[PDB]
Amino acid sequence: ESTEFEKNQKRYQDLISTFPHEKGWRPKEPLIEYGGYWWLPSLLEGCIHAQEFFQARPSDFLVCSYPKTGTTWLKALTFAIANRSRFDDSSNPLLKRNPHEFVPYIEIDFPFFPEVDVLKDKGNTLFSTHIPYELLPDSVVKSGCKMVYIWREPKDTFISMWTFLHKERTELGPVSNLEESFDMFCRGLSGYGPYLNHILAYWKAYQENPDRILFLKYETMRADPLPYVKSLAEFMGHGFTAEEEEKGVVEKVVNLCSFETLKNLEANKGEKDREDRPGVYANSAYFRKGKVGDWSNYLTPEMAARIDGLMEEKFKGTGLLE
């Protein structure tokens, strides 16, 4: 009657209890270092579990991101693309439920909510994670399963994250202030951080096996979504036919999965939350503003310049700026 996670939880807690701990973004919530990256304690226990128990298949398809870079969007797009033969846009399930219900996290749903329907359906091939490339379950890497990675301009990412954290259901305390939070982010003391190292390891992975990994960028998709959605569909093995294109199927998929559509659904309003298992966020927390450039409403020019420089120092000559 205990799940596999529950049977192993005490040993996971013992294990991580001696990993280095640093002050985090809430007073009762330290960050814990594993594999050169920093973690929330729960998410680290999930990651350890995934590492020990998750069994990927070659036909699986993994959505990979650092948080707040476009994960919910990609979840909607991937689900919509793979299932479009089943559903008209007007009766698609993404109209009634938050996209996170359709694409389970290997470090959150797998360990903590293994009884969700999607995880019992061997017909499901869609999964997500924020686990850094270097720390992925050995099964994932060995299966050869295809991956899509998304990243985002770091100022907007930080602001997406800092605002979002105000909305968490938690008794571990309020989030640190803007300046302390940003300092921590810049030092790489963030969940799944350092952000810039997260990106670079997947980017290296891509360069080594560009057939296996599709690298996407929030701002690029946001400004010109059609080519990238077609690219994604093709990479998934669900490319759009000439017939679908001329009947405007691609636009229908883009519209369904758009910020404006998703934000304005009853399912995603107010305090409404997921129906499959307990969330610590309301669905609405996932849709804030959906813009490029919102950092300028929050960060000083001095803060902006610090992170821009950090990015240009880390990525110069990698191809990521170029």
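Note that residue numbering follows the sequence shown and begins at 1.
The question of which stretch, 72-80 or 210-218, has the higher mean Cα B factor is settled in favour of 210-218. Comparing 263-271 with 39-47, the stretch with the higher mean C-alpha B-factor in the PDB entry is 263-271. Comparing the C-alpha B-factors of 168, 101, 180, 88 in the entry, the top value falls on 88. Among 118, 106, 148, 242, the highest C-alpha B-factor in the deposited entry belongs to 242. Residue-level temperature factors show residue 205 in the highest third of its chain, judged at the C-alpha atom. Ranked by Cα temperature factor within the chain, residue 33 sits in the lowest third according to the deposited record. Per the deposited record, the Cα B-factor of residue 292 falls in the highest third when ranked against the other modelled residues of its chain. In this PDB entry, residue 55 carries a Cα temperature factor that places it within the highest third of its chain's modelled residues.
Residue 173: CA B factor in the highest third of modelled residues in this chain (values from the PDB entry).
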